[PDB]
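Listed next as structure tokens is one chain, alone, in the form deposited in one PDB entry.
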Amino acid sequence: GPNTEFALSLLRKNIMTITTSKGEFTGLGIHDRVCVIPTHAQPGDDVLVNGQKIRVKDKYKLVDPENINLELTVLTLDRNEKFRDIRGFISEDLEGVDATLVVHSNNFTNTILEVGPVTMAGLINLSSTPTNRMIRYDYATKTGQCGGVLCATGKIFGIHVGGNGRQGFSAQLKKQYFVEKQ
């Protein structure tokens, strides 16, 4: 419904295809030149944005200080035009809300899949790999939507970093991480 139309509007606005080592996935712009992408996707210091060589200004491999994986990487890409601050559209209120997984990769060209109500996992381990601040939705997903923009109408919950089976794992993109100066 309105979530789908928002996704298309967010698409043209802050979403672009990033060619990482894992493949060409979805990159969500947060504000200015600040974008976000998963870690195991392996983004370089210079990367291809829509196939175009571009260099990364600032690269924040964002995990918990204690080596606990958030599987998230925030990067300031060197692009002239700025992304619209969808930071005030971040929904750090997650659990109980219906979320839609919007993935725009080279393969998945804007696949808007409504997944249902998202819940908070918190800190869980995945095969001995400790992950902290994961948002989890119980939905049998066909894994491969790395970078999938988990959103709803005016609500960015985070991005699907790597879900598998009935556990769609998304990272919690809370505004705290995008606070420029604290």
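From 1 onward, residues are counted along the sequence shown.
Not on display, but discussed next: the form solved in complex with a partner chain.
Joint contact, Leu72, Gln176 and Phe178 to the partner chain in the deposited bound form, by non-hydrogen atom at 4.5 Å: Checking in the deposited bound form: none of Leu72, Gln176 and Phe178 is within 4.5 Å of the partner chain.
Partner contact for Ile86 in the deposited bound form: the partner chain, 4.5 angstroms, heavy atom: Taking the distances in the deposited bound form, the answer for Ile86 is yes, it comes within 4.5 Å of the partner chain.
Residue contact check: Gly44 to the partner chain in the deposited bound form, 4.5 Å heavy atom: Residue-level check for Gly44: no, no contact with the partner chain.
Partner proximity in the deposited bound form: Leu10 to the partner chain, non-hydrogen atom cutoff 4.5 Å: Contact with the partner chain, yes.
In the deposited bound form, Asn14 touching the partner chain (heavy atom, 4.5 Å): Although the partner chain is absent here, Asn14 would touch it in the deposited bound form, with heavy atoms inside 4.5 Å.
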